[PDB]
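Single chain ahead, written as structure tokens, the form deposited in one PDB entry.
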């Protein structure tokens, strides 16, 4: 109703979260370890295309697990709910097992689930074509704003990803992939997708596409089917913030997805999309400043799912 006044509040919330200096920058690969703990950016894109940024909103960082709801949305857009969910579950798991009782990954937001979803997209073509296809989808979601790639993060993630190779071999053992899948090639594609780079600005447009029923707000183009968006938002709401998912659902009540680079892709349905980014993570793997910002945003603007 008054965007200028809303941005003053966003700036005040950004300043309050800026003081939260806690957390640890992820350091399992050098490409993550090098990031300054003081980098902090918040970008907003409303469903009507109004924009606002504060802080470090043009510094590229990897999507990491923030890409999981995006590739899940692409798979449902192309294949439908029924086909996708023959391979992956629909609910959160309690706070280590690679598969649920039905030999399926628990949901698309955990590594095993995202690895399986990766195997469903553009089957039958080489990895260069699969990657180009997802890149063109991400460009449409961001209204052609910054979508890049970190080869150094890709190389390091693959070289050091023993846990993801253990998951790949266990999924292969339990026949989790579509028949004729080259599992090692799927792991390559998975590491590549995690290594896609965005800024707070471009990622806020991707979150706004999810908030706007699948239509990119800065172009007006239909990018994702209503079904893909609805499924993605439901799973971001219950499975998107690692083992903090349940507490985030109760106190924040918004669909969101965190990543190890410090990003939090946030959706306020029919209102706006946001990307909050600060490299230091708490014990759950979520950006300390971003979590603080999310709690403050809902308390101030009453954006919670069940707020009257």
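Definition used throughout: the rigid core is the maximal C-alpha set that superposes within 1.5 Å between two forms. Numbering follows the first chain given and starts at 1.
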{"query": "Which of 98 to 106 and 161 to 169 strays further in 9 other deposited structures of this protein - Cα RMS after rigid core alignment", "finding": "98 to 106"}
{"query": "Larger mean CA deviation from the shown form in 9 other deposited structures of this protein [core fit; 86 to 94 vs 173 to 181]", "finding": "86 to 94"}
{"query": "Unmodelled deposited residues flanked by residue 95 on one side and residue 96 on the other", "finding": "1 to 3"}
{"query": "Mean C-alpha B-factor comparison - 205 to 213 and 218 to 226, higher one", "finding": "218 to 226"}
{"query": "Of 258 to 266 and 243 to 251, the stretch whose C-alpha atoms average the higher B-factor in the entry", "finding": "243 to 251"}
{"query": "Top Cα B factor in the deposited entry, candidates 232, 126, 107, 118", "finding": "126"}
{"query": "Most elevated Cα B-factor in the entry, residues 64, 278, 50, 31", "finding": "50"}
{"query": "Residue 271 CA temperature factor, ranked by third within the chain", "finding": "highest"}
{"query": "CA B-factor placement of residue 46, once the chain's modelled residues are sorted into thirds", "finding": "highest"}
{"query": "Within-chain third of residue 297 by Cα B-factor, per the entry", "finding": "highest"}
{"query": "Chain third (lowest, middle, highest) by recorded CA B-factor, residue given as residue 100", "finding": "highest"}
{"query": "Residue 82 - which third its CA temperature factor falls in, relative to the rest of the chain", "finding": "highest"}
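Omitted from view is the form solved in complex with a small molecule, to which the following refers.
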property: Candidate stretches 41 to 49, 265 to 273, 59 to 67, 246 to 254, one within 4.5 Å of the small molecule in the entry with it bound by heavy atom; result: 59 to 67
property: Partner-contacting position among 194, 200, 211, 142 - heavy atom within 4.5 Å of the small molecule in the entry with it bound; result: 194
property: Of 111, 127, 234, 225, the one that lies within 4.5 Å of the small molecule in the entry with it bound (heavy atoms); result: 111
property: Interface membership of residue 242, the small molecule in the entry with it bound, 4.5 Å heavy atom rule; result: yes
property: Residue 279, heavy atom within 4.5 angstroms of the small molecule in the entry with it bound; result: no
property: Touches the small molecule in the entry with it bound: residue 190 (any heavy atom, 4.5 Å); result: yes
property: Close approach of residue 181 to the small molecule in the entry with it bound, 4.5 Å, heavy atom; result: no
property: 54, 290 and 296 all contacting the small molecule in the entry with it bound, non-hydrogen atom within 4.5 Å; result: no
